[PDB]
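Some notes on the structure that comes next.
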Ligand SMILES: [Zn+2]
Ligand SMILES: [Zn+2]
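Residue numbers (PDB author numbering): 0 to 27, 31 to 74, 86 to 168, 171 to 206.
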């Protein structure tokens, strides 16, 4: 059988509406992805529920330069101000939104923390076909700050089987399911 994939257009519209999507790369693996600026306690709580471990914030290179995250997971951050210990859904949502804020600088944050910033390659999935790049691409395509929030979904037995389970899971929560391959193809034709 061939499992249904959503259109990239639907994934982008979900991202814009502040919803999450699931992105597969036919290379490893599905990640849950939303735009970092759209982080809420409820969406972080949802991500935390299904994360294999880390919650990451893919960032455009220009953001990383501004934050001092040079090309040179050991960097973790929390928002310095307006949070508890940094681990709550609400705290992590604040941290994520701050990372997407076009005026944030290193000292708006503390180290160590509960969110992992990641540097996306310039050019996005056209340059490097990774989940990190896809997240930034989707946020930017949605008209948002070029900053995403990602996690690997807890898996673990078979290839065809992974995709079918992801499709059901997506549908139970109203999420779009796409591949990086389709994102590449869309971008290439719509850029
Ligand atoms: Zn990945
Ligand atoms: Zn739900």
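Ideal Cβ placement from N, Cα and C applies to all residues, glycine included.
Asked, Found
"Residue(s) in a DSSP beta bridge with residue 60", "131"
"Simplified DSSP assignment, three categories, for residue 192", "strand"
"DSSP state of residue 124 mapped onto helix, strand, coil", "strand"
"Cβ-heavy atom distance, residue 184 to ligand 3, below 8 Å", "Annotation note on ligand 3: not contained in the displayed structure, which lists ligand 1 and ligand 2 as its ligands."
"Inter-stretch contact at 8 Å, needing at least 3 Cβ pairs: the stretch 50-61 / the stretch 157-168", "yes"
"Neighbour-count burial assignment, residue 170, 16 or more Cβ in a 10 Å radius", "Residue numbering in the chain jumps from 168 to 171; residue 170, which lies between, is not modelled."
"Residue 112 versus residue 181: straight-line alpha-carbon distance, rounded", "28 Å"
"Under 9 Å between C-beta atoms of residue 107 and residue 95", "yes"
"Contact test: residue 36 Cβ vs ligand 2 heavy atom, cutoff 8 Å", "no"
"beta-carbon residue 143 near ligand 1 non-hydrogen atom, thresh 8 Å", "yes"
"Proximity below 9 Å, CB of residue 109 to CB of residue 14", "no"
"Alpha helix (DSSP H) segment containing residue 14, residue limits", "7-15"
"Own chain, CB closer than 6 Å to residue 100, minus 5 neighbours either side, in chain order", "127"
"In DSSP terms, what residue 33 is bridged to", "22, 165"
"Cβ-heavy atom distance, residue 165 to ligand 1, below 8 Å", "yes"
"Helix, strand or coil at residue 46 [DSSP, three-state]", "helix"
"Residues near residue 17 in its chain [Cβ-Cβ closer than 8 Å; skip 5 each side]", "36, 37, 40, 42, 45"
"Residue 26, buried or exposed, once every other Cβ within 10 Å from all chains shown has been counted against 16", "exposed"
"Same chain, Cβ closer than 6 Å to residue 197, neighbours up to 5 away in sequence not counted", "7"
"Spatial distance of residue 98 from residue 129 (CA atoms)", "16 Å"
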